[PDB]
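K.L.:
please find the sequence and an experimentally derived structure below.
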Amino acid sequence: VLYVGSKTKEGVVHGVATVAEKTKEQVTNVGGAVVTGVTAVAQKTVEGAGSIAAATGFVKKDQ
Amino acid sequence: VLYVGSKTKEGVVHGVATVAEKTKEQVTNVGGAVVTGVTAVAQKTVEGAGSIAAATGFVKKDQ
Amino acid sequence: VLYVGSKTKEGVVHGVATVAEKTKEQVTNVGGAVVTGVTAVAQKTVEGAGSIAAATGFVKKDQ
Amino acid sequence: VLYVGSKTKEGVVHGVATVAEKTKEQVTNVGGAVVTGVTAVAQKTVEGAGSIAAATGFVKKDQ
Amino acid sequence: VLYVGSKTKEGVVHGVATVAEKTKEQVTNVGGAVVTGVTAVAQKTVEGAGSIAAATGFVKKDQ
Amino acid sequence: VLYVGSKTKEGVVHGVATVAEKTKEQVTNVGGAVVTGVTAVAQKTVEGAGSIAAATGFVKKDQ
Amino acid sequence: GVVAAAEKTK
Amino acid sequence: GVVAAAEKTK
Amino acid sequence: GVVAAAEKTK
Amino acid sequence: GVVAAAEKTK
Amino acid sequence: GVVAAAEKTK
Amino acid sequence: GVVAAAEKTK
C-alpha cells in the first residue's frame, strides 16, 4: 500500500443549487472583452497556466 | 502504508445554494475588460499560473 | 503509516448560502478592468502565481 | 376599475434553493405518525381547515 | 379605481437559500407524532383553522 | 382611489439564508409530540385559529 | 386490541 | 388496549 | 390502556 | 491607431 | 494612438 | 498617446 497522489479529489464542484430570477439582463460590448455568468466550473491543469473567467481588452504588440 | 500526497481534497467547492433575484442587470463595456458573476468555481493548477476572474484593460507593448 | 502531505483539505469552500435581492445593478466600464461578483471560489496553485479577482487598468510597456 | 380581491398573490413560494448533503438518514416509526422533510409547499384553502405537515399519533374515540 | 383587498401579497415566501450538511440524522417514534424539517412553506386559509407543523401525541376521547 | 385593505404585505418571509452544519442529530419520541426544525414559514388565517409549530402531548377527554 | 411491537436485536 | 412496545437490544 | 414502552439496551 | 468610440444618445 | 472615447448623452 | 475620455451628460 503506497497511495502516491491517490484517493484525491482535486478541482471538484458538487451540490450546487442556484436560482436566478432576473427580469431583464443586457450586455453591450464595444471593443474589448466581457465574461458574464460562469457557474459551477471545475478545472485541473497540469504543467500549464489555467485561467477560468479571464478577460482582456485587447493585446496590441505592434512590431 | 505511505499516503504521499494522498487522501487530499484541494480546490473544492460543495454545498452552495444561491438565489439572485435581480430585476435589472446591465453591463456596458467600451474598450477593456469586464468580468461579472463568477460562482462556485474550483481550480487546481500545477506548475503554472492560474487566475480565476482576472481582468485587464489592454496590454500595449509596442515595439 | 507516513501521511506525508496527506489527509489535507486546502483551498476549500463549502456550506455557503447566499441571497442577493438587488432591484437594479449597472456596471459601466470605459477603458480598464472591472471585476464584480465573485462568490464561493476555491483555487490551489503550485509553483505559480495565482490571483482570483485581480483587475488591472492597462499595462503600457512601450519599447 | 374595481379590483375586488384581484391582483393578489396568496399562498405562494418562489425562488427557493436548497442543498441537503446528509450521509445517513433514518426514520423508525412504531405506531403513530411521522412527517419529515416538507419543502417549498403552498396551499390556499377556502371555507375549510387546511393543515400542511400535521401529525397525529392515533385518534381513539371508542363508542 | 377601488382596489378592495387587491394588490396584496399574503402568505408568501421567496428568496430562501438553505444548506444542511448533516452527517447523520435519526428519528425514532414509538407512539405519538414527530414533525421534522419543514422549510419554506406558505399557506392562506379562509374561514378555517390552518396549522402548519402541528403534532399531537394521541387524542383519546373514549365514549 | 380607495385602497381598502390593498397594497398590503401580510404573513411574508423573504431573503432568508441559512446554513446548518450538524454532525449528528437525533430525536427520540416515546408518546407525545415533537416538532423540530421549522424554517421560513408564512401563513395567513382568516376567521380561524392558526398555529404554526404547536405540539401537544396527548388530549385525553374520556367521557 | 391494537399492538405494534417491534424489535431490532442485533 | 393500545400497545406500542419497541426495543433495540444490540 | 395506552402503553408506549421503549428500550435501547445496548 | 486603435479607436473604440461608442455612444448611446437617447 | 489608443483612444477609447464613450458618451451616454441622454 | 493613451486617451480614455468618457462623459455622461444627462
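P.N.:
Received the coordinates, thanks. Numbers count the residues shown, from 1 in each chain, chains lettered A, B, ... in the order given.
K.L.:
strands along chain A, start to end?
P.N.:
For chain A, the strands defined by DSSP state E occupy A:10-20, A:24-30, A:33-36, A:39-46, A:55-56.
K.L.:
strand partners (parallel or antiparallel) of the fourth one?
P.N.:
What it means is strand A:39-46. strand B:39-46 (parallel) (DSSP bridges).
K.L.:
and what of the longest one?
P.N.:
Partner strands for strand A:10-20, per DSSP bridges, with pairing direction: strand B:10-20 (parallel).
K.L.:
so which bits of the strand it pairs with are buried?
P.N.:
For strand B:10-20, a neighbour-count test (16 or more other Cβ atoms under 10 Å in any protein chain shown) marks B:10-20 as buried. For the C-beta atoms, the positions are set from N, CA and C on the backbone; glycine is no exception.
K.L.:
put the alpha carbons of it into CSV.
P.N.:
What follows is strand B:10-20, C-alpha atoms only, in CSV (Å, rounded to 0.1, in the frame of the first residue of the first chain):
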residue,chain,number,x,y,z
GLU,B,10,-7.8,20.5,-2.9
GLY,B,11,-9.5,23.2,-4.8
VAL,B,12,-13.0,22.0,-3.9
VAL,B,13,-16.4,23.7,-3.6
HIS,B,14,-19.5,22.0,-2.4
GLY,B,15,-22.9,22.7,-0.8
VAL,B,16,-23.5,26.1,-2.4
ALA,B,17,-27.1,27.4,-2.5
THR,B,18,-27.5,30.7,-4.2
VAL,B,19,-30.5,32.9,-5.1
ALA,B,20,-30.2,36.0,-7.2
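K.L.:
contacting residues for residue A:32?
P.N.:
By Cβ atoms under 8 Å, 6 or more residues apart in numbering or on different chains, residue A:32 lies in contact with A:55, A:57-58, B:29-34, B:58, J:4.
K.L.:
again, only this time at 10 Å
P.N.:
Contact partners of residue A:32, counting by Cβ atoms under 10 Å, 6 or more residues apart in numbering or on different chains, are A:55-58, B:29-34, B:55, B:57-58, C:29, C:31-33, J:4, K:4.
K.L.:
that one: what's its closest spatial neighbour, skipping adjacent residues?
P.N.:
Using Cβ to Cβ, 6 or more residues apart in numbering or on different chains and skipping residues adjacent in sequence, the residue nearest residue A:32 is residue A:57, 4.2 Å away.
K.L.:
now the strands of chain A as a markdown table including distance to residue D:41?
P.N.:
Output for those, formatted as a markdown table (distance: least, Cβ to Cβ, whole Å):
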| stretch | distance to residue D:41 |
| --- | --- |
| strand A:10-20 | 17 |
| strand A:24-30 | 30 |
| strand A:33-36 | 34 |
| strand A:39-46 | 27 |
| strand A:55-56 | 42 |
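K.L.:
that older thread, list buried residues within the contacts of residue A:32.
P.N.:
The neighbour count (16+ other Cβ under 10 Å) marks A:55-58, B:29-34, B:55, B:57-58, C:29, C:31-33, J:4, K:4 as buried among the contacts of residue A:32.
K.L.:
if I look at the residue in chain A that chain D sits nearest to, how far off is residue L:8?
P.N.:
Relative to chain D, the nearest point of chain A is residue A:17 (4.2 Å; Cβ to the nearest Cβ). Going from residue A:17 to residue L:8 by Cβ to Cβ, to the nearest Å gives 39 Å.
K.L.:
looking at chain G, which residue is nearest chain D?
P.N.:
residue G:4 (3.9 Å).
K.L.:
and for that residue, nearest residue in space, chain neighbours not counted?
P.N.:
The shortest distance from residue G:4 to any non-neighbouring residue, by Cβ to Cβ, 6+ apart, is to residue D:31 (3.9 Å).
K.L.:
who touches that neighbour in this structure?
P.N.:
By Cβ under 10 Å, 6+ apart, the contact list for residue D:31 reads D:57-58, E:29-32, E:58, F:31, G:2-6, H:2-6, I:4.
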